[PDB]
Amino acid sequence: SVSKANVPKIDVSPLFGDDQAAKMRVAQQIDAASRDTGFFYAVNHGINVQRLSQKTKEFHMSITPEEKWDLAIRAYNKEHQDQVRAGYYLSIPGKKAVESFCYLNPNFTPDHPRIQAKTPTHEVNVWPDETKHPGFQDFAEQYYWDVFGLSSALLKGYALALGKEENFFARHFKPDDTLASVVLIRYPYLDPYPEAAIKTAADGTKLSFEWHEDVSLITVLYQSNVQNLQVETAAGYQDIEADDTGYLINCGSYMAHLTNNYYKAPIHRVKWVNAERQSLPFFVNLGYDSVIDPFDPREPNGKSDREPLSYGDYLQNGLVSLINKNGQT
């Protein structure tokens, strides 16, 4: 018997306005969800997720093996030594079902100083041919700033929930240097489904992706309406209900670090379900030199003995660790 997680639906629209009391009431709900299971659904977010799902589908279903090779990250293409984060992540027929496309800050150009200095985790996005995928790059770049704006509002709610001024996190979340990423993940229907892409958990559950903590400040996830996520609690894993109109929100391990585990990074995993579906996370990352002094909301003085962690060092070590533990995606 698997129980269902209590994932509240929070109306985040006051975070875009100037009703300070209404923002505090949103902040309380974010606090409550972050201290409970760690997940909530953001509703009334203003983002056209229907156009998002349709444009992502057309891209996933029309891209050819030739274009996948030309866009592949260096894990699949030795010629692309500079693409570690951005590019296409190929499925392996008969072996690996999941495939995805990842892109970073569109402001990362050859003219960008972080690219000029060859700073790790900074890459220039690669895109498919415009004539083969008309308007895809325009949609994708626009979506990046749409979810950026939504994430900036959410960070105001998280700051207020912790008793800080509303720009506590958002001041480090800037369009010119953010390391945030969009990942357009396809989970295909396959008949027969390759058993090499199905992992069996310790409790017998069939998984597509094992347990993990998110490498992020927060994660802003859209998924199609197929139930798949489970969150770990002390009483075991609980199913997270699907909702293809809202964004699912949770903290990453950088939030757990700076709050002295007051807001934990929930451990979650992906159940195996043989169904064509989408998973579209936006990983809210700060700048390479972003540092937030850790604090403890439990203590009256808020003092913490945790070392400040440069976000760039956190992100580089976290992305490598996630590959070593859960595998190349």
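Each residue number is its position in the shown sequence, starting from 1.
State which stretch shows the higher mean Cα B factor in the entry: 4-12 or 318-326. Mean C-alpha B-factor is greater for 318-326.
Looking only at CA atoms, which has the higher mean B factor in the entry: 223-231 or 201-209? Comparing averages over the C-alpha atoms only gives 201-209.
Which has the highest CA B-factor per the PDB entry: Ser100, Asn125, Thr178, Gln116? Most elevated C-alpha B-factor of the set, per the entry: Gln116.
Sort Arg277, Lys55, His45, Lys271 by C-alpha B-factor from the entry and give me just the highest. In the PDB entry, the greatest C-alpha B-factor among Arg277, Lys55, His45, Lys271 is found at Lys55.
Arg298: which third of its chain by C-alpha temperature factor? It falls in the top third of the chain.
So where's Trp69 on the chain's Cα temperature factor ranking, which third? Middle third, going by the recorded CA B-factors of the chain.
Taking the values exactly as deposited, rank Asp36 by C-alpha B-factor within its chain and report the matching third: lowest, middle or highest. Answer is middle: the recorded C-alpha B-factor places it there.
Taking the C-alpha B-factors as the PDB entry records them, is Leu184 in the lowest, middle or highest third of its chain? Answer is lowest: the recorded C-alpha B-factor places it there.
Relative to the other modelled residues of the same chain, rank the CA B-factor of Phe169 and answer lowest, middle or highest third. Middle third.
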